[PDB]
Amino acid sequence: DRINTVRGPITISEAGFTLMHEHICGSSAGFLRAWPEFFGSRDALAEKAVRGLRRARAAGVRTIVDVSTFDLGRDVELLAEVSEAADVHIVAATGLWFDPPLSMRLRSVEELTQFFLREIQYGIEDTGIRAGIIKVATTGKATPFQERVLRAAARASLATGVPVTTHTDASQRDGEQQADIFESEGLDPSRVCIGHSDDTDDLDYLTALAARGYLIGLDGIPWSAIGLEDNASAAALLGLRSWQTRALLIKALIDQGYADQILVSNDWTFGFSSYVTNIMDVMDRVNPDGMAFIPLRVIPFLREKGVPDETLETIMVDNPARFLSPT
């Protein structure tokens, strides 16, 4: 009973404190190999990752799930290099985000299913590294292609037991349509995390989903453009709600009885080519702690607001363990 990481199978107990939604680098397929100098160099990007992951490890983190797909420019050799150097387990993702190229965009459910199965069952590219999660996306009402991806993801997950995690536009309650399609396909909600759910203050939306058995991805806690409201690009990406506001959703879902179903993350990165230039310097200003932000700031904050230690252990250790374990 194992979880696949970029360095091979680990037992469930080796996962430990897990960040369920992160990135080493948010990019585009082939981009890091073709234009490494965009990040200074490949090795500069690798060293910055290792630095961050090592700080994160010292704050308690033992595993990250990199939910970078093919079209987010996932580079599993990079993941494996920084994973070994930082001694942090990394889980790699299959699926598709919202920038699929034509060779993906034009594919059928059946073809998309073969591709996801391949990255899980056989390996990514020629590396033998197998994905341990499936990432999907909608950005409002699903496009016909995005529906095809949701159905292919559900099928790959039913075939392998590997779970599904999603990008939503939470302001458009995208989780509801994602849920309806997963349920028509036959996927159990306990195998699905509806992500970016911390982008909304609509508790009605989040409890309805948790009521139906979905894990709830509160995965962007440090994302805030408060204090640089005249950077339009950064305000659009990070929002104008505080990290405290986002984190209090964690407490709120615990008070409604759903601690079992929460997954907490930073949605951090060491490189971000698929947004405006120098966004990574803006982000690093806003949250200097990077991936360490959850353990160093958010856990202590929840403790101080009356959340018991056993509860936080369950969210940061047991919820990720149950979710990632294939079933």
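One-based numbering along the sequence shown.
Visitor: Using the B-factors recorded in the PDB entry, average over the C-alpha atoms of 80-88 and of 220-228, then report which stretch comes out higher.
Guide: Per the PDB record, 220-228.
Visitor: Could you check which stretch, 67-75 or 173-181, carries the larger mean CA temperature factor in the entry?
Guide: Higher of the two, by average CA B-factor, is 173-181.
Visitor: Please work out which residue in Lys135, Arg105, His196, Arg241 has the highest C-alpha B-factor recorded for this crystal structure.
Guide: Of the options given, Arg241 has the highest CA B-factor in the PDB entry.
Visitor: Can you tell me which of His167, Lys251, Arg148, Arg118 has the highest Cα temperature factor in the record?
Guide: The record points to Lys251.
Visitor: What third of its chain's C-alpha B-factors does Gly271 belong to: lowest, middle or highest?
Guide: Middle third.
Visitor: Using only modelled residues of the chain, where does the Cα B factor of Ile12 rank: lowest third, middle third or highest third?
Guide: Tercile = highest for this residue's CA B-factor.
Visitor: Within this chain's modelled residues, let me know which third the CA B factor of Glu125 belongs to: lowest, middle or highest.
Guide: It falls in the middle third of the chain.
Visitor: Relative to the other modelled residues in the chain, which third contains the C-alpha temperature factor of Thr311: lowest, middle or highest?
Guide: CA B-factor rank for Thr311: highest third.
Visitor: Can you work out whether the C-alpha temperature factor of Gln261 puts it in the lowest, middle or highest third of the chain?
Guide: As the PDB entry reports it, the C-alpha B-factor of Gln261 lands in the highest third of its chain.
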